[PDB]
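Heads up: the sequence lines are chains B and A, in that order.
When the letters of the first sequence are read in order and numbered with the entry's author numbering, they come out as residues 2 to 325.
When the letters of the second sequence are read in order and numbered with the entry's author numbering, they come out as residues 1 to 325.
Reviewing the structure listed below.
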Amino acid sequence: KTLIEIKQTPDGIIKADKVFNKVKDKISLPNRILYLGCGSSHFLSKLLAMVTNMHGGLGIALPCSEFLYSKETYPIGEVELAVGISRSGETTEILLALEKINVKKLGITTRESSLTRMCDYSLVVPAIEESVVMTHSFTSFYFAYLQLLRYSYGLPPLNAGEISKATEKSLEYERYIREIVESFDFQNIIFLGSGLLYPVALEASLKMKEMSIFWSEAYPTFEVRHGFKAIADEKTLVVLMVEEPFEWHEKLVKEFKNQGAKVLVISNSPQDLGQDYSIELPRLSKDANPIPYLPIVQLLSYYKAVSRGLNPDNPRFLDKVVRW
Amino acid sequence: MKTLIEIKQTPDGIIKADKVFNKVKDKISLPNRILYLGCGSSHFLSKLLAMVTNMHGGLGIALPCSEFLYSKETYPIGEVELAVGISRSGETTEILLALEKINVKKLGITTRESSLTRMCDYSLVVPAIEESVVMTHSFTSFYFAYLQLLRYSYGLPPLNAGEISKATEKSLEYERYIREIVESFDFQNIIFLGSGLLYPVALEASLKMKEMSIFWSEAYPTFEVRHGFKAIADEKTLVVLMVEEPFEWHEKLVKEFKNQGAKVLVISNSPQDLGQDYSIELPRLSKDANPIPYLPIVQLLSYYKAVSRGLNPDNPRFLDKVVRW
Ligand SMILES: O=P(O)(O)OC[C@@]1(O)OC[C@@H](O)[C@@H](O)[C@@H]1O
Ligand SMILES: O=P(O)(O)OC[C@@]1(O)OC[C@@H](O)[C@@H](O)[C@@H]1O
């Protein structure tokens with residue numbers, strides 16, 4: 002089901018737009034927003050917090066358990082809205098977190114659930130997934146909320162059709178991605194991204210980790226030179242995700258190749274940075290631009306998993322919903 | 001070899017830090033809104049400082065230098081009353097580039113007079129000198145020096161340096177125990193876990209293992225690990241749980257990892273048996289200083305694992321002591 006779900010990304014964008022239009026005039030997102038989630042939903046929370054800041058607001062993201070047990074170490078301050086993100090809407094930690102919150106609560110989930118019952122409003126984006134690994138729901142949740150955020154902040158709406166078609170372009174790379182997995186049997190991998198693409202790198206790494214029971218890491222693009230690069234050699238694939246690369250990116254690619262690693266560049270640029278593999282995606286509004294990158298990293302993780310005889314639908318030791 | 005010698009200078013580093021603090025305490029006033037910038041281990045130290053700043057009623061945010069340089073708009077920086085640039089060498093290009101773009105007051109934290117100190121309004125020069133490419137005792141020394149300055153600035157009483165230094169001497173007493181774990185359980189990957197102030201310590205611990213042993217190491221906020229990340233832990237994995245005051249969930253988590261076949265080392269300030277295979281109890285200190293004794297433990301673990309693999313922690317492959325552009 003994992004592959005089928007990744008391929009439903011284009012439709013997920015359309016479903017998200019529909020939900021946005023249904024609730025847009027029922028809730029107005031404020032300036033100070035706290036985002037809470039676990040696992041992939043935490044990485045989505047980080048992404049939402051980032052785009053909130055990008056558009057002039059003040060967003061902070063924290064893992065549910067850190068809010069539950071160590072909130073004093075985080076710069077939360079006054080919260081005008083608390084957003085709880087949970088694909089299942091049943092994760093014990095998010096429910097525990099929200100019951101401690103008194104301010105307005107907005108839930109983001111795929112279904113009517115325990116979560117929606119404890120929130121004042123909710124974005125129920127029906128990007129249903131049977132797989133334990135979150136795929137198109139991440140992308141769909143992001144778009145639905147982004148539309149709502151832009152709307153609340155007085156910005157023009159994004160073109161859902163254009164963005165959905167952009168993800169169809171990402172899916173055209175399926176065979177090429179399969180070829181990467183077939184031609185280079187990497188033993189570990191590093192995902193790199195800056196700004197909005199950093200949370201995407203974190204999510205990408207988790208996809209690879211869950212689906213492939215793999216050694217995968219993720220870092221803000223240039224932070225990797227600070228010790229982290231020591232574990233990259235001829236058995237490593239480095240995935241650099243960048244919208245508009247500059248000289249430092251070319252130097253970084255060269256640096257990794259000098260260590261023997263192979264480099265895959267996913268960008269919105271026609272520039273040759275010296276990469277071994279290249280995936281060019283349609284450039285969109287800066288805030289929506291990360292969307293087409295998700296299906297690419299999801300497909301890469303899926304095919305690497307299959308190449309190891311693993312079942313991405315039900316990774317060993319994992320539960321679909323973490324409960325306590 | 002200098003790495004082990006440097007790890008063992010942790011106790012003295014605390015004393016050196018206290019001396020610097022007392023020399024500059026009335027020359028530097030720390031504000032409410034502070035931005036912390038650093039790279040690599042210095043970034044993880046920045047996260048720790050930002051957290052303790054929040055813990056004490058201030059507003060601290062930490063960012064890797066390059067993210068501030070090229071993607072600051074995606075972060076909740078807001079109004080900055082002070083920018084703190086952390087760099088052991090004081091020569092990292094990214095920190096120099098970051099600070100020159102800032103107009104507000106700038107404080108540097110480094111081990112030596114350098115390019116960094118020359119562009120800051122003032123600096124905490126803590127002479128915890130290190131020849132190893134891997135940062136060790138300078139991390140805790142920098143932390144203590146600033147922590148004292150923060151407490152003083154915020155009207156709180158001073159921490160007892162001698163007591164904290166002694167606490168790290170207790171950490172070092174576990175050297176044999178740690179060496180023997182490395183010699184008996186040949187783990188192939190490792191996961192460090194910590195919450196609150198111990199999360200940045202887990203991040204730093206993981207980097208120490210990564211740099212010193214060219215190892216597969218990961219770090220996560222304690223309970224976040226159940227959310228998919230735990231899939232890579234099995235009988236070849238050592239899970240290191242760092243916790244000051246464990247409760248019911250910690251015992252359950254330890255048991256969950258053992259059920260996957262992994263062995264668990266618990267480093268805590270509690271005598272409670274959570275079911276761990278290995279146990280290291282450290283002296284409990286003031287909440288803000290409590291993380292200090294944990295550093296030499298993880299540094300020693302990374303060092304011995306490196307030696308067991310015939311690797312030289314002083315000069316990890318591919319690494320430059322100072323990253324320049
Ligand atoms: O709170 P949710 O978004 O339902 O889910 C959070 C999550 O960590 O739960 C356990 C696993 O299924 C993970 O793959 C998933 O991302
Ligand atoms: O800015 P600094 O704190 O000098 O150093 C930052 C750092 O990443 O530089 C490269 C290596 O030596 C690393 O071990 C070190 O932590």
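Here a beta-carbon is modelled for each residue, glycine too, at the ideal position from N, C-alpha and C.
Discussion item. Could you compute how far the alpha carbon of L82/A sits from the alpha carbon of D26/A?
Written reply: 16 Å
Worksheet item: The beta strand (DSSP E) with residue 1/B in it runs from where to where?
Response: Because chain B is modelled from 2 through 325, residue 1/B falls outside the range shown and cannot be assessed.
Fill in: 8 Å contact criterion, which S141/B and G228/B should meet: CB distance rounded
Wrong, their Cβ atoms sit about 36 Å apart, outside the cutoff.
Worksheet item: Is the CB-CB distance between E218/B and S206/B below 8 Å?
Response: yes
Fill in: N103/A, buried or exposed, once every other Cβ within 10 Å from all chains shown has been counted against 16
exposed
Item to complete: Please list the partners that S308/A has in chain B, where partner means a Cβ-to-Cβ separation under 9 Å.
Response: None at all; the shortest Cβ gap to chain B is about 17 Å.
Worksheet item: To the nearest angstrom, how far is it from the Cα of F68/A to the Cα of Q276/B?
Response: 26 Å
Discussion item. Taking 6 Å as the limit between beta carbons, can you name the residues of its chain near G108/A, skipping five residues before and five after?
Written reply: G85, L116, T117, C120, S123
Worksheet item: Does any C-beta atom of chain A lie closer than 8 Å to the C-beta of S71/B?
Response: yes
Item to complete: Taking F144/A as the reference, give the member of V133/A, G194/A, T92/A, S46/A with the closest Cα.
Response: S46/A
Discussion item. Short of 8 Å Cβ to Cβ, which residues in the stretch 189–206 of chain B face chain A?
Written reply: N189, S195, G196, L197, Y199
Worksheet item: Quick one: any contact between the stretch 29–40 of chain A and the stretch 184–199 of chain A, if contact means 3 or more CB pairs under 8 Å?
Response: no
Discussion item. Report the start-end ranges of each beta strand (DSSP E) in the stretch 167–219 of chain B that is 3 residues or longer and not cut off at the edges.
Written reply: 189–194
Worksheet item: Tell me which same chain residues have a C-beta within less than 7 Å of the C-beta of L97/B, skipping the five on either side of it?
Response: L69
Discussion item. In this structure, how does DSSP classify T92/A when only helix, strand and coil are distinguished?
Written reply: coil
Worksheet item: Between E130/A and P271/A, what straight-line distance do the alpha-carbon atoms span, to the nearest angstrom?
Response: 34 Å
Worksheet item: Going by alpha carbons, who is nearest to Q9/A out of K166/A, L159/A, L147/A?
Response: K166/A
Fill in: Rounded C-alpha distance that separates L197/B from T74/A
7 Å
Item to complete: Using 7 Å as the cut-off, classify the Cβ of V322/A as near or not near the heavy atoms of ligand 2, replying yes or no.
Response: yes
Worksheet item: Apart from the five residues on each side of it in sequence, which residues of its chain come closer than 6 Å, Cβ to Cβ, to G58/B?
Response: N32
Worksheet item: Skipping 5 residues on each side, what residues in its chain have a beta carbon closer than 7 Å to that of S286/A?
Response: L159
Worksheet item: Looking only at its own chain, which residues have a Cβ that is under 7 Å from the Cβ of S153/A, when we skip the five neighbours before and after it?
Response: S29, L30
Discussion item. Quick check on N54/A - is its C-beta less than 8 Å from some C-beta in chain B?
Written reply: yes
Practice prompt. Check the Cβ of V323/B against every Cβ in chain A and list those closer than 7 Å, keeping chain order.
Written response: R226, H227
Item to complete: With a threshold of 7 Å, establish whether the CB of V133/B neighbours any heavy atom of ligand 3.
Response: Annotation note on ligand 3: not contained in the displayed structure, which lists ligand 1 and ligand 2 as its ligands.
Worksheet entry | N- and C-terminal bounds of the alpha helix (DSSP H) containing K106/B | That residue, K106/B, is in no alpha helix (DSSP H); its beta strand (DSSP E) goes 106–110.
Worksheet item: Taking only beta-carbon atoms, is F318/B less than 8 Å away from chain A?
Response: yes
Item to complete: Using the Cα positions of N290/B and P64/A, report the straight-line distance between them to the nearest angstrom.
Response: 23 Å
Worksheet item: Under 7 Å from any heavy atom of ligand 1, does the C-beta of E211/B make it?
Response: yes
Worksheet item: Hey, how far is the Cα of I61/B from the Cα of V201/B?
Response: 17 Å
Worksheet item: Which residue from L150/A, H43/A, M212/A, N315/A puts its Cα closest to that of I95/A?
Response: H43/A
Practice prompt. Measure the C-alpha to C-alpha separation of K106/B and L99/B and round it to an integer number of angstroms.
Written response: 8 Å
Discussion item. Between which residues of its own chain and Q299/B is the CB-CB distance below 6 Å, once the five residues before and five after are set aside?
Written reply: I7, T136, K208
Item to complete: Name, in chain order, the residues that DSSP records as bridge partners for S279/B.
Response: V266/B
Worksheet item: Taking 7 Å as the cut-off, is the CB of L319/B close to at least one heavy atom of ligand 1?
Response: yes
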